[PDB]
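Q: I have a structure here, written as structure tokens, and I will follow up with some questions on it.
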2 protein chains.
Amino acid sequence: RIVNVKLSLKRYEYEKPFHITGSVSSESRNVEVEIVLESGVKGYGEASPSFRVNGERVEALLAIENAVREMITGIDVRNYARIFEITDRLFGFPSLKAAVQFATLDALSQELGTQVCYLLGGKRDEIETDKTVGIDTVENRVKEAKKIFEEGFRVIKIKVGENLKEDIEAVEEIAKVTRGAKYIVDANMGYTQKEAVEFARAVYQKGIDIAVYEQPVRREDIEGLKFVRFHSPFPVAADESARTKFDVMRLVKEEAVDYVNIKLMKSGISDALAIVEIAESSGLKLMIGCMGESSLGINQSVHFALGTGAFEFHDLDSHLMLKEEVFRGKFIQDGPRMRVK
Amino acid sequence: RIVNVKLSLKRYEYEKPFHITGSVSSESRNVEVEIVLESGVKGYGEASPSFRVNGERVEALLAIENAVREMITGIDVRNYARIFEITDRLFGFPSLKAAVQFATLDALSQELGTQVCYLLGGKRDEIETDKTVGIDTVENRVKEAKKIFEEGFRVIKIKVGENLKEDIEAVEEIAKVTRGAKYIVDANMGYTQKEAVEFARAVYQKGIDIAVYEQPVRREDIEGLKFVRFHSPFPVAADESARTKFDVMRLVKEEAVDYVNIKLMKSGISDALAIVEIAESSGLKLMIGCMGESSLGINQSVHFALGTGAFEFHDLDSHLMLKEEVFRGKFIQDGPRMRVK
Ligand SMILES: [Mg+2]
Ligand SMILES: [Mg+2]
């Protein structure tokens, strides 16, 4: 049983400012979660709160430490479903919900003598992540893309959303110098429905293929997501629009998207598991993403992906963008490849 | 790693012939499944094939033992998701798919020093099952119902579907001698849409409440299930119409039913987990049922229900209707109650 829970502020600085539509980040402020069991076992998780997406603020997460402690201490991690249901009440603190739920599985797997990925199915032994090119001048974007390409990455995620004309140019210029790579374009809600369609058609006309076109429109515009899906050639994904299992059931019912970018930071383990099942029971396909997690945090998604093996693409590169002294993941990072120990 | 998979015929006779719409059974022929690991650990499952619902035949299941061995021998149970994906190909032998998948978890749980229910979440420590009153003369039905009530069962499942007039009479008579009990009425596809509605209204008019009204119409008549749901006062459940996770996604999209009676014999563990998540992500509610499983087979559903804790009602009484010399479930049967050891 859980005898204590501790929350701690952990700051990581980006190697370079990370610019996306409506947001520039120079630092990633996360909340580390440690769960202690009567047996002495300690489970760890990391919350990377998002004000833009989840409406969270790091100070707010740290402020409810006592409440979280009261909610879960006294429960046996072998009854993890009880912990999941309880933490589901933390829908206003989803990144914390995620960190606590994973810490629970982390502690449980240790007690059972296995790893989290195996507890979840042990589907895959290896996955590959893409790497992101933040918004910058076309010249700098091209430079970064070439660099990411030389590092061995074959899926390059390109941020766009603030300047349609320049975004088109940027994608076209990046494609020319990274022949052989697949591309994921993420607008982070920056385009109107029609601009989103025009962006896709312009790129398509140049003979470029986009593997996943992430959240082109505003989060509440479900009909807009569908409009883009039905009027442009590339698979459309919901990110900001897909936070809970309920959001996904609606997206599927409305036939709004081809993909859903699952993020533990938005859904927690509980909703992520539901979303994986919904996707496997429908025409929906999935990719797994991240926010500002460090290696300890990305580890949560690596085990989820390896265990479920439910993702077509993996955008788990936040830890590669942050400055960190010691690697704290429970997985092996081999270039773009991530493997189980 | 799996080194052996054994299938064997096990016959169990009913204490009394079991009569339901379009089917009378005096014997239950099951296929016991044993999976042996290199470590010596042995996992067990049981398939209770259904010609009527799944189109299966026991002889057919037994005939494919070599194929099953070739499909999963050599796979480590810690990669159970791989075994699940492979066995999902046995959609034509769903009861065997179920037995193999559970035996896999039974074996894995032992290697991890835990139980299947805990591997699935350990949500609950106890569940209660109803007991069924088969079709017979109103006099024999009321007699059996009274006997069941006296045994401590507070949820009584009543079979109907072959004679609306008598069915109504039967439910009305049973209700007066079992005050305090909840009732589940199961027509096993015997009624037309209008008859189904009339049945519910007739019973409703007498002040009788039906907790779950199971599959009133034919399996392909999804619109009919919806019609009954929208035109009669009681919760309507899909049983025969809900075999796979895809069937359920469709039922949810069509808003066809209030309930889905999940059976491992129809869905196997893989699809059952998907249906649980779909239900928890929608307005759908669930009950868990059975076919002709003996105690070893019912053990599979007891662990699934205890672990997920996703069911409002449990209809796991097939082993209570069969003559069995020795109890073989890895659970405690205490009257209507079933608990974890
Ligand atoms: Mg995104
Ligand atoms: Mg039924």
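Each residue's number is its place along the chain shown, starting with 1.
Cβ coordinates come from backbone N, Cα and C, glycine included.
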Q: From A:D186, A:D221, A:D247, A:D258, grab the residue that Swiss-Prot records in the same Mg(2+) site as A:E214, A:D239.
A: A:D186
Q: State which of the following recorded positions has the fewest other Cβ atoms within 10 Å around its Cβ: A:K157, A:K263.
A: A:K157
Q: Taking just the CA atoms, what is the gap between A:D186 (Mg(2+) binding site) and A:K159 (active site, proton acceptor) in Å?
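A: For A:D186 (Mg(2+) binding site) versus A:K159 (active site, proton acceptor), the Cα atoms are 5 Å apart.
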Q: Which are the residues of the chain, A:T132, A:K157, A:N188, A:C290, A:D315, A:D317 excluded, whose CB is within 8 A of where the CB atoms of the substrate site average out, their centroid?
A: A:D130, A:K131, A:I184, A:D186, A:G289, A:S318
Q: Nearest by CA distance to A:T132 (substrate binding site): which of the recorded positions is it, out of A:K159, A:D239, A:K263?
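A: With Cα distances computed to A:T132 (substrate binding site), the winner among A:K159, A:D239, A:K263 is A:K159.
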Q: Looking only at C-alpha atoms, tell me how far A:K159 (active site, proton acceptor) is from A:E214 (Mg(2+) binding site), rounded to the nearest Å.
A: 9
Q: Please report how many Å separate the Cα atom of A:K263 (active site, proton acceptor) from that of A:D315 (substrate binding site), as a whole number.
A: 10
